[PDB]
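To start, the structure under review is shown below, and the notes come after it.
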Amino acid sequence: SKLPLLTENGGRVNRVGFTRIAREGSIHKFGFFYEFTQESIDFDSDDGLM
Amino acid sequence: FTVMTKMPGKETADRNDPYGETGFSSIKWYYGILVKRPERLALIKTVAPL
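Going line by line, the protein sequences match chains A and B. Residues in the first sequence are numbered from 31 upward in steps of one, following this note's numbering. Residues in the second sequence are numbered from 145 upward in steps of one, following this note's numbering.
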């Protein structure tokens with residue numbers, strides 16, 4: 031029932047349309063640290079703790 | 145004679161007829177006469193037998 035058909039006197043008969051959709055994303059930031067003191071590194075028995 | 149012919153195709157494609165299956169052919173010209181000496185024309189009016 032919904033086929034596109036024409037006649038010899040073609041006119042404003044069959045029209046079609048198009049659609050588009052959009053997508054999105056975001057960004058976040060991370061990080062962590064640690065701290066030490068100089069005597070800890072100098073006097074520890076392990077040379078290579080760093 | 146100015147002759148203008150449009151065959152079916154993209155030439156006759158239009159918003160009213162997107163498919164373009166109509167065509168036409170036309171012809172036109174200009175005419176007019178000037179009479180310089182009317183005295184030199186002659187005429188004899190009469191009836192004619194069956």
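The beta carbon of each residue, even a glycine, is placed where N, CA and C say it ideally should be.
Using a cut-off of 7 Å between C-beta atoms, extract the partners of residue i located in chain A.
i: B:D161; result: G40 and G41
Looking only at DSSP bridge pairs, what is residue i linked to?
i: B:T146; result: B:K172
In chain B, what lies closer than 8 Å to residue i by C-beta?
i: A:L36; result: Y163
Could you tell me whether the Cβ atoms of residue i and residue j are closer together than 9 Å?
i: B:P152; j: B:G164; result: yes
i: A:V43; j: A:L36; result: yes
i: B:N160; j: A:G41; result: yes
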